[PDB]
There are 10 protein chains.
Amino acid sequence: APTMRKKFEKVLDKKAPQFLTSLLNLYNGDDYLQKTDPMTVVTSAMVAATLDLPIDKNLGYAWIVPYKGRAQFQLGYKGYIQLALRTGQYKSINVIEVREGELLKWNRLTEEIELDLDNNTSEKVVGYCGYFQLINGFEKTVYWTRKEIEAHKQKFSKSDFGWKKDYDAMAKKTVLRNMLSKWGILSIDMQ
Amino acid sequence: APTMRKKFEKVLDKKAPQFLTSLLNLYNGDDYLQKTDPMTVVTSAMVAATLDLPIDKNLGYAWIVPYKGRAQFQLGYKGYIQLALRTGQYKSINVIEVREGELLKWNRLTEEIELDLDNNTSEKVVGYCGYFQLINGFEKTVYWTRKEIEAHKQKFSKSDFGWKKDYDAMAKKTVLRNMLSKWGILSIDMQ
Amino acid sequence: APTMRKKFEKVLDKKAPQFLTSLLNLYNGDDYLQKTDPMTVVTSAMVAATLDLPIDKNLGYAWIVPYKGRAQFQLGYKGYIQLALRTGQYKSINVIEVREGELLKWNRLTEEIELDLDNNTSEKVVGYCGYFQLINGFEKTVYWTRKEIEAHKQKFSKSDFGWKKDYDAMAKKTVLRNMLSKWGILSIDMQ
Amino acid sequence: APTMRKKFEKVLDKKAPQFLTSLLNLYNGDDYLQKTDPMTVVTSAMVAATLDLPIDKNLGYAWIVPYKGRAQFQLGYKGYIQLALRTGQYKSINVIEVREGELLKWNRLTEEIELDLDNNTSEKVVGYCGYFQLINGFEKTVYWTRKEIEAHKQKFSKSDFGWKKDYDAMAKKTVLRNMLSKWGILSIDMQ
Amino acid sequence: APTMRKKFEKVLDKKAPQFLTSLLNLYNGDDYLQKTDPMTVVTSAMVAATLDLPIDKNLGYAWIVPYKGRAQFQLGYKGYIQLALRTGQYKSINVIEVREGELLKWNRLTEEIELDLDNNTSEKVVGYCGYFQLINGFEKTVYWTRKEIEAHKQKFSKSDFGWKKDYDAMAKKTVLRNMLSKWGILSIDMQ
Amino acid sequence: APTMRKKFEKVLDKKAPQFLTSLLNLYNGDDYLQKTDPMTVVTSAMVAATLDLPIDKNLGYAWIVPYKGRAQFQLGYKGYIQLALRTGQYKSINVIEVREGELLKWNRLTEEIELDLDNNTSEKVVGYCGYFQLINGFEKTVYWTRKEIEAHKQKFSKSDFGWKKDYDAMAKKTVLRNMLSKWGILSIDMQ
Amino acid sequence: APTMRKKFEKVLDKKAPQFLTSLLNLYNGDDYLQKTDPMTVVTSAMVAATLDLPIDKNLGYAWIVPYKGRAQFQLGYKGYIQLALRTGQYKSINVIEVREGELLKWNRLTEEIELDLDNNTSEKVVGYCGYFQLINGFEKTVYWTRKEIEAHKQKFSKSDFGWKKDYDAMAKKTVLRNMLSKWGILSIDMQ
Amino acid sequence: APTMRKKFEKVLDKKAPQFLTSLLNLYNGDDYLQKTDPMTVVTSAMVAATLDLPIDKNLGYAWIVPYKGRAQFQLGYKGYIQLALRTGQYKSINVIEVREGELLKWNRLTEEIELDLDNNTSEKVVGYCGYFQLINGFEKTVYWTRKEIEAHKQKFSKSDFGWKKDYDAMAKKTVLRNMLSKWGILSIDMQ
Amino acid sequence: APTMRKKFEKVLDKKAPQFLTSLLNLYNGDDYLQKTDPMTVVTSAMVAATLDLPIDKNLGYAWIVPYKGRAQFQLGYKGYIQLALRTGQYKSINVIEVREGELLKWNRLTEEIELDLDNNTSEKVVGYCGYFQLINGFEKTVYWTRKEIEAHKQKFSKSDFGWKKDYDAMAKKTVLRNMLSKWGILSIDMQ
Amino acid sequence: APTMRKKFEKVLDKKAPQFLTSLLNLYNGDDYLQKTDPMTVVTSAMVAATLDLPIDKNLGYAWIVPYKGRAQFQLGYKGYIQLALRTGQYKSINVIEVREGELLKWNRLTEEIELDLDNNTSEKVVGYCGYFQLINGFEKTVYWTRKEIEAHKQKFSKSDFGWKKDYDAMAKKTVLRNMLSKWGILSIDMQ
DNA sequence: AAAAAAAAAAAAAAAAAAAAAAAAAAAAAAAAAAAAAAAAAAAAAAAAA
DNA sequence: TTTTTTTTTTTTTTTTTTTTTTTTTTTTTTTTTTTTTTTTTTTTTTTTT
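1. Looking at the sheet that holds strand β6 (residues 125–134) of chain C
Residues and elements named next belong to chain C. Strand order across the open sheet formed by 3 strands is β3-β6-β7, with antiparallel pairing between neighbours. At either margin of the open sheet sits one strand with a lone partner, and together these are β3 (90–99) and β7 (139–145). Mean inter-strand twist for the sheet, computed between neighbouring axes without regard to direction, equals 10 degrees. Here 9 bridges tie β3 to β6, and the two strands are oriented antiparallel to one another. If you follow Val 98 over to β6, its bridge partner there is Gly 127.

2. Some thoughts on the domain arrangement of chain A
Residues and elements named next belong to chain A. When cut into domains, chain A gives domain 1 (2–75) and domain 2 (79–183). One C-alpha centre belongs to domain 1, the other to domain 2, and the line joining them spans 31 Å. Facing 5 residues of domain 1, the contacting portion of domain 2 comprises 6 residues. For the pair domain 1 and domain 2, the summed buried area comes to about 470 Å², and 55% of that belongs to carbon and sulfur atoms. In terms of surface lost to domain 2, no three residues of domain 1 exceed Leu 53, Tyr 61 and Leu 75, which account for 82% of the buried area on that side. The interface formed by domain 1 and domain 2 holds 3 residue pairs in polar contact in total. Residues that form the side of domain 1 that touches domain 2 fall into these classes: 4 nonpolar, no polar and 1 charged.

3. Looking at the relation of the copies chain J and chain I
Superposing chain J onto chain I requires a rotation of 35 degrees together with a translation of 11 Å along the rotation axis, leaving an RMSD of 0.0 Å. Each copy contacts the other with its own distinct surface, as only 3% of the interface residues of chain J are interface residues in chain I too.

4. Some words on the relation of the copies chain B and chain C
Placing chain B over chain C gives an RMSD of 0.0 Å and needs a rotation angle of 35 degrees, together with 11 Å of translation along the axis. Comparing contact sets, just 3% of the residues at the interface of chain B also lie at the interface in chain C, consistent with a heterologous contact between different surfaces.

5. Some details on the arrangement of the chains
Spatially, chain C and chain G are disjoint, and the shortest separation between their C-alpha atoms is 28 Å. One thing to see here is that chain D and chain J don't touch, and their nearest C-alpha atoms sit 37 Å from each other.

6. A few points about the pattern of salt bridges
Across all of its chains, the model carries 50 salt bridges over all chains by this definition. A salt bridge links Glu9(C) to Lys6(C); its shortest N-O distance comes to 3.9 Å. Pair noted here: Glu9(C) and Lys6(C) are both in helix α1 (residues 2–14), with a separation of 3 residues, about one helical turn. Among the residues examined, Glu9(C) registers a relative accessible area of 42% and is labelled partly exposed. Here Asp52(F) makes a salt bridge to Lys15(F), at a shortest N to O gap of 2.5 Å. Placement of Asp52(F) in the loop between α3 (38–50) and β1 (62–67) and of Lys15(F) in the loop between α1 (2–14) and α2 (16–28) is noted, with a sequence separation of 37 residues between them.

7. Points about the side chain of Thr87(A)
All names here are of chain A. Position of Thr 87 among the secondary structure elements: in helix α4 (residues 79–87). Look at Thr 87 and you get buried, because its relative accessible area is 2%. Leaving out residues up to four positions away in the same chain, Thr 87 has contacts with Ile 185, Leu 186, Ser 187 and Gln 191.

8. Some remarks on the interface of chain B and chain C
Listed by partner, the interface residues are 35 residues for chain B and 35 residues for chain C. Between chain B and chain C, roughly 3200 Å² of surface is buried when both sides are summed, and carbon and sulfur atoms account for 61% of that area. Sorting the residues of chain B by area buried against chain C places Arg108(B), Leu109(B) and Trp183(B) first, and these three jointly supply 21% of that buried surface. Where chain B touches chain C, the interface holds 1 salt bridge. Notably, a salt bridge pairs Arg108(B) with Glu102(C), separated by 3.7 Å at the nearest N-O pair. For the pair chain B and chain C, the interface holds 4 residue pairs in polar contact. Those elements that provide at least two residues to the side of chain B that touches chain C are α1 (2–14), α3 (38–50), β2 (70–75), β7 (139–145) and α7 (167–183) of chain B. If one sorts the elements of the side of chain B that touches chain C by residue count, β2(B) sits on top with 6 residues. Of the residues contributing to the side of chain B that touches chain C, the split by class is 15 nonpolar, 11 polar and 9 charged.

9. What to know about the sheet that holds strand β7 (residues 139–145) of chain G
Residue and element names in this part refer to chain G. Pairing is antiparallel in the open sheet, where 3 strands are placed in the order β3-β6-β7. Where the open sheet ends on each side, the last strands, each with one partner, are β3 (90–99) and β7. On average, each strand axis in the sheet is inclined to that of its neighbour by 10 degrees, with strand direction left out of account. The pairing of strand β6 (residues 125–134) with β7 spans 7 bridges and is antiparallel. Bridging across to β7, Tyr 131 finds its partner in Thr 141. Here helix α5 (residues 146–156) sits on the sheet in contact with β6 and β7, set at roughly 80 degrees to β7.

10. Considering the interface of chain J and chain I
The extent of an interface is frequently quoted as the accessible surface area lost upon association of the parts. If you look at the interface, chain J gives 38 residues, while chain I gives 37 residues. With both chains or domains summed, chain J and chain I bury close to 3300 Å², and 60% of this area falls on carbon and sulfur atoms. In this assembly, chain J and chain I are joined by 2 salt bridges. Residue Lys7(I) is joined to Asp13(J) by a salt bridge in which the shortest nitrogen-to-oxygen separation is 4.0 Å. Inspection of the chain J/chain I interface yields 4 residue pairs in polar contact.

11. Focus: unusual backbone geometry
Positive phi values are uncommon outside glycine, yet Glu111(B) reaches one of about 55 degrees. On the basis of relative accessible area, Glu111(B) is assigned to the partly exposed category, the value being 22%. The backbone of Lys68(D) sits at a positive phi, close to 55 degrees, despite the residue not being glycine. For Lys68(D), the position within the fold is in the loop between β1 (62–67) and β2 (70–75). Owing to a relative accessible area of 90%, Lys68(D) belongs among the exposed residues under this scheme.

12. What about a nonpolar patch on the surface?
Taken together, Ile96(A), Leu115(A) and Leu117(A) make up a surface patch of nonpolar side chains, about 250 Å² in accessible area. Its place among the elements puts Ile96(A) in strand β3 (residues 90–99).

13. Comments concerning the protein's contact with DNA strand L
Surrounding DNA strand L, one finds 78 residues, the nearest of these being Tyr67(A), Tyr67(E), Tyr67(F), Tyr67(G) and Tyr67(H). A share of 42% of the atoms of DNA strand L within 4 Å of the protein falls on sugar and phosphate groups. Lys68(B) is positioned with one of its backbone polar atoms (N or O) 3.5 Å from a phosphate oxygen of DNA strand L. The residue inventory of the surface near DNA strand L, partitioned by class, reads 40 nonpolar, 20 polar and 18 charged.

14. Details of the packing of helix α1 (residues 2–14) of chain D against helix α2 (residues 16–28) of chain E
Here α1(D) crosses α2(E) at 95 degrees, and the two axes come no closer than 10 Å. Taken together, the axis directions place α1(D) and α2(E) in an arrangement best described as roughly perpendicular. The residues of α2(E) that touch α1(D), namely those facing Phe8(D), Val11(D) and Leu12(D), are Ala16(E), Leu20(E) and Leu23(E). Residues that form the contact of α1(D) with α2(E) fall into these classes: 6 nonpolar, no polar and no charged.

15. Digging into the environment of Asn107(C)
The residue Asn107(C) is located in strand β4 (residues 103–107) in this model. Those residues in contact with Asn107(C), other than ones at most four positions away along the chain, are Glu112(C) and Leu117(D).

16. Observations regarding the pairing of strand β7 (residues 139–145) of chain E
A regular strand carries its side chains on alternate faces of the sheet. Of all the 7 residues making up β7(E), 5 are buried; the element is thus mostly covered by neighbouring parts of the structure. Taking the residues between adjacent antiparallel strands as the criterion, strand β6 (residues 125–134) of chain E and β7(E) are bridged by 4 residues, where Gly137(E) takes a positive phi near 105 degrees.

Reading the values: rules and limits
- Residues numbered from 1 in each chain as written, not as in the entry; some residues may be left out.
- Chains lettered and ligands numbered in written order.
- Heavy atoms only, no water.
- Residues with missing side-chain atoms left out of burial classes, pairs and counts.
- Pairing = 2+ DSSP bridges.
- Helix = DSSP H or I, 4+ residues; strand = E, 2+ residues; numbered from the N terminus.
- Axes fitted to C-alpha atoms, helices over the stretch in contact; angles between N-to-C directions.
- Domains from an automatic or database assignment.
- Contact = heavy atoms within 4.5 Å.
- Buried area = accessible area lost by both parts, 1.4 Å probe.
- Polar contact = N/O pair within 3.5 Å; in protein donor to acceptor, adjacent residues only side chain to side chain.
- Nonpolar A, V, L, I, M, F, W, Y, C, P; charged D, E, K, R; others polar.
- Least-squares fit on C-alpha atoms.
- Salt bridge = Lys/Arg side-chain N within 4 Å of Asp/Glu carboxyl O.
- Buried < 20%, exposed > 50% of the residue type's maximum accessible area, 1.4 Å probe, protein only.
- Patch = residues over 30% accessible without salt bridge, like charges linked within 9 Å, V, L, I, M, F, W, Y side chains within 5 Å.
- Areas by Shrake-Rupley, 256 points an atom, 1.4 Å probe, with all protein chains shown as cover.
- Near = heavy atom within 4 Å.
- Parallel < 35°, antiparallel > 145°, perpendicular 65-115°, else oblique.

Structure, rendered in structure tokens:
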């Protein structure tokens, strides 16, 4: 038992600046966590700083969100990218927007898609595509339409300010985060 | 005997942050493990952290479930994906939903299935299909119907909250986890 | 002599986490190995961890069973699958259940079997079939009836709890393990 | 001379785990090799591990048998199957039991045999048949009677425990091993 | 000159395990080669391992026999079978024993022989027959009597232990090896 | 010019083991080639290995004989058999000994010979006969007497050790080799 | 034009070993081609190897003879036999020597000759006869005397070493080659 | 149109070696075709190789002769013999020389000629005779005198070197070729 | 309808080389068919090659002559001979020239002609005679004079180059072709 | 019924080239059959080719003439000659022209006619005579005058181009065809 | 009854460099093998420009 | 620029046996180089029961 306590104390002392920065950023921010127990907020900042993911706004790697008076540590859509890059096994990641009259055919069985880029008749988007390929040959491609993204936003999202000014960025972020979370390979320790 | 103790101590010291993160996440969670022996919970967290599978909720790789006052470490449906990707011998993994009037014929002997996608008469699903192919030519395909999935859920599952709002996700997860567990090739050490 | 000792020590040090995981899982389990010599259990865990086959329950690759106060390391019905996949020469493996009024004829000399699937008059099973085919053209097919499986279970099996709730799974597992052990090609090192 | 020593050392270092597993299995077994020179046992384990044929009991590929105080490495009836499959030129191998009133005629010159299967008057066996066919058209068929098998067992076998409980398995194993050893084509390196 | 040296070195390095196995088997055997030059034994093992014919006792493909203080590599009666099967042009090979009152007539010009099998008056053998047929229509048949085999054994063989317990096996082996050596078609590289 | 050099180099690299085996067998043999230029011996071994005819003693397909200080590659009496079998157009080849009081008449114009076999008055040979028949109907028969064979041996052969112990084998070999060389159809590439 | 070049290159690559063997045999031979252009020798070896007729001495199918400083490819008296056998339409070919007091009468119009064989008064030859018969009924017979053969040898032959030791063989070869060249039917591709 | 092109291409590819041999023989020959268009020479070699009649000098079946700067393919006096033998309907062909005081009478109406052979008074020739007989009873006989042959040679032949050394061979060749061309039955495809 | 198309296609494919040879000979010839439709020329070559009558100049069996811009296939005076010989019912065919003072009398009713050959007073020809006799006894004889032949040549022939140098050959050819065409029996398929 | 269909199909397949030649000749000809049903033309060509009588113009054995929009197969004046010769019972056939002052008397009862040939006073024809005699003694003679032939031509013939340039040939053809058709003996199968 | 007829003459061919051998043969009979511990679940998501 | 949810297991233990035998032989080549020549000629008519 004392050995685990000493190891935990050493780990805690090794990562003081991240904890200090997270606490200072939380203090300097707005006042929306005043209805929750401070112990939960401290624990959330602790676990966030343990994973080398500060809570500073300029990076957007993690957040603290209160649920029923309890603070929860949450991962952003760039934390998955950070973990995937820390894994060190990826080769390519990309996500683009398919406009009107670009794709030719697409079947979900063989995951084969063909497009005719730089040949458009209008200036409105029709769908979005994402694709990531590893080093050992594994590849994955997904394609979403506007209706599915709208349904997902209506079902899950509970805000409308961000989705109004820039519709494309939120859709791209959702596609990227879903593709990376569901099928990606993640790791914690950098190699 | 002392050599094995030194090796075990070195292995323990090498993976402290995962153990710390798992313990902190368990502490910050709800109070449902208070009726079990803490030693079993500590051992379960230990073995979970040994396999590079943290117990944090944002990843969903493993769980701790108490059975008859004894805590047990359990693998999720993404842990199999993680192990398969760590193996480094796969080429493709996929699972889709076959809607009404899509498939033509299917026999379980030769595992040959043909479908006519993008040609539907209704908007209700009829079945689910899964398919994974390796690099050395080995392929595997499975097909489930709604009745079999309903029977499996009635026989094994003991909850109904998740199965109500989104029926398709649970069926896809069950098909994927069964196909990967029964016939897949798994490994622990990354290559 | 010293060179072999150094090589053995290096091999031992290379595979510490598997040994640690196996020992922890054995400790966390029930108390049924207390009537045997601990040295035999340690040796069995050692050889099990040497072959990249952990003893964790969630995988079911190997077991430790005591016989006359001596612990023995045993291979499950998925260890054969793992070794066959590690070989890298297979093309297809399958096992199905032949119901009432499905097969037409079957002779054990030429190993030729014909069936009329999706055309049944009842809902009771009559037999089981297994078939595996390699890449270089070698194929093997076996067919068992209910009477033979019942006789085998009565002769060899010494438990009845598992065979009661689900009769089909045990029969399929027995057919698969027998077909893979008697006629399959196995290997230890992954290619 | 130094070049051959370096090559031998490299070959030895390449196959350490098989040697370790064989030695551990020999140690964990019963005490029947204590009347022989340990150097011979070490050499036998060495040559057994050189051919990718471990000595573990669960596989039954090879054995170590002491003769006049000297240990000898011996091939089982599955080692021939393993070598034949490693050759990669086979198409079919089979062995069955001919019961009472099944075969019609059989001549040893043209190796032509005809049978009327699934038409029996009793439940006692009369003989055994074996047949293996290659890819380039070469085929071989053998047929043994009960008297010849009994004479062979009396002449060569020196134990009776195995032959009592299950008479058919030993006869089938003898037919298979004799047919594969005398007329089969074997190889060491996998292709 | 350097190119041939590099090619020879590559060929030597490609076939190390066979050489190692042959040397280990020679070392583990009895002490009868101590009166000969070790260089000749090494060269004989080298050429034996070059032709993919190990010197292990369990296979019986080749031997090393000392003549006037010089070791010589020799082919067994199964090496001819191995080479003939490696050729890939054969269709059938067989050898049987003709008992008393079985054959009717036999002339050595047209090589036509007729027999009445399964009709015997005694239980003593009278002669032996061998027959091999290729794919392109070429066939060859030979027939030996007891007197000729006895004369050959007296003239050439210099041992009597093997010929005493089992007279038929040695005669069959001699007929097979003579028929395959004198008239058969052999090859070294497998096709 | 470079293309022919590349083709020759590829052909040389394709047939290394035969060259290595021939050189090793020549080295392990007696010392009778020490009075000749090594370049001629190397060239002779090269051409011998090019035709898939190794120089090993156990086969007796080809020899190296020095003439006036120059080594020459020579074909044995089995090389003709090998080439004829490689041709793939033959149907039957045979050679027998005609004893006293067996043949009735023989004329060299129509090549018609009749004999009364199995009816002899003495045990001394009188002549030898050879006969080979193709598939397209072409047949050839030759008959030699003792006087002609003795004259040929006196005129051409320059040794007497072999001809003393076994007179019949040398006569049969001479008849076979002459009949196959003068009138047979030969080919190099196997079909 | 490129198509014919590709076809010629493929034909050249298909027959490399014959060209290599011919070149090696020419190199290993005596030095009598040093006064001619090497290009002509290379072309002659090329055309000789194109017709599946190697230039090796042990076969005697073709030769290279220099005329006025130009090498020429020439057919031997066995090349005609090889081509005739490749045709596949022959039934019988023969040539014999008619001794003193054997023939009775012979007219060149109807090509009818009668002889009384095995009835001689001396041991000196008087003439030679040749006869070949096809399958469709066509037959041809020729008869030469000693004077005509002597005149032909004096007129055409320019050497005397071969004609001295063995007079009969050269006469038989001349009769055979003339009869086969003037009236025979030849072909290049084997059927 | 494409079908005929494919058939022509297949026919061309089937007969490459004859074309290659003809071209190589033409290249290796003297320089007398340098004043003609190469396309005509290529076409002539093509048609010559199409009819299974190579242009090699050792056979003398066909020639290429330039006329007014245009190369022409020409048939020799042995090509007619080859075609007649390919027909498969002939029974006998012959041509002889009638010397002084041999024939008795000859009339051109009934084609009846009688001679008294082996009864001569001088050693000078007087005429030539040719005779060919089919299988169905058709026969043809021709007889030429010296004056007619001399007139034909003066009228048609434009060279004198060949006609000087050997007068009889040219006359026999002319008689044979005229008799076979004017009245013979020819065919292209062998039967 | 499809059956006749398949049969026609098979017949076309069976006779490709004749068509190819005819087309190549037509191409290599002079330019006199450039004023006609190529389809007619192709059809004429097709029908000419269908009847096993190539259009090569060295044989002179058939020709292509343009009439009013339309190519026509025409039979020569040797095609009738070829067809008559293919019939297989003829016994004798002949045509001679009757000189001055040879014939005695000739009447056209009974077709009886008598001549006194080898008794001439001048060296000028007076007429021509032709005679052909079958096997079943049918005979036919015709006799032409110089005036009738001159009248026929003036009426029908439209060229004078051939008729100038050799007057007898054209007259003999006309007599032969007229006698064979008007009264002969012809057939297409060889028997 | 199926047997007759198979026999008809075999007969059709046996005579393809004649049908092909007839169709090609009809196609290459002029356009005068375009007003008739193609089925009738095909049937007429079929029956014409069935009787071994091609429709090619160079032979003139048969024709196709349209009558009231229906094509009809017609026999020429040489088809009767062909059938009569196929019968094999004839001995002589002839037809001549009787000029002015040649015949003496002629009565139609006894069919006796006498003429004084080679004794004429003018150069104009007066009549025509025809005569054919069999082997068994049967003879037939007919005699026509100019008036009867003119009346027949006026009554039956409907063209005048042919009858103008050559009056004698048409009269001879009419006499021959009438005499052969009315009184001759005809057959279809050759004997 | 639809039948009259022709485009045909000819050559470039003689011949040889083949006789032959170094092969007789053996070290091989066979065994240690029968099979079991297996069924399954905890999962749906979002905070971003 | 905005804050959730859900549930807890089960079974069972082994046996069998050990070897043998024996070693070689044979020897050596030959011979010789070529030739000859180059074309021609000409194109449609007719009908229907």
